Amino acid sequence: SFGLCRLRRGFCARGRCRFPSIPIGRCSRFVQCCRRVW
């Protein structure tokens with residue numbers, strides 16, 4: 001967890017990703033590695 005992501009700019013988000021954020025991967029099990037999509 002965490003290490004498998006945050007490569008470019010993936011931020012860990014609790015549960016579901018925020019509106020302006022896409023779930024490119026998972027930071028953990030529930031925590032997603034939401035990537036900005038601005």
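Per the header of the entry, the method used was solution NMR.
Quick reminder: no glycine exception, Cβ is built from N, Cα and C everywhere.
The secondary structure of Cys33 (disulfide bond), as reduced to three states from DSSP, is extended strand. Counting only residues at least six positions away in the same chain, the Cβ atoms of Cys5, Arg6, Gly10, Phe11, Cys12, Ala13, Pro23, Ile24, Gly25, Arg26, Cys27 sit under 8 Å from the Cβ of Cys33 (disulfide bond). The disulfide bond annotation in Swiss-Prot covers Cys5-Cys33 (among others), and the record cites experimental evidence as its basis.
Mapped onto three states, the DSSP output places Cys12 (disulfide bond) in strand. Marked as disulfide bond by Swiss-Prot on the basis of experimental evidence: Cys12-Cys27 (among others).
Within its own chain, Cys17 (disulfide bond) has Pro23, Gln32, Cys34 as residues 6 or more apart in sequence whose C-beta sits under 8 angstroms from its own. Annotation comment: Swiss-Prot describes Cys17-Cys34 (among others) as disulfide bond, evidence class experimental evidence.
Neighbour density for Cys34 (disulfide bond): within 10 A of its CB lie 23 other CB atoms from the protein chains shown. The Cβ of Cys12 has fewer other Cβ atoms within 10 Å than any other of the disulfide-bonded residues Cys12, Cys27.
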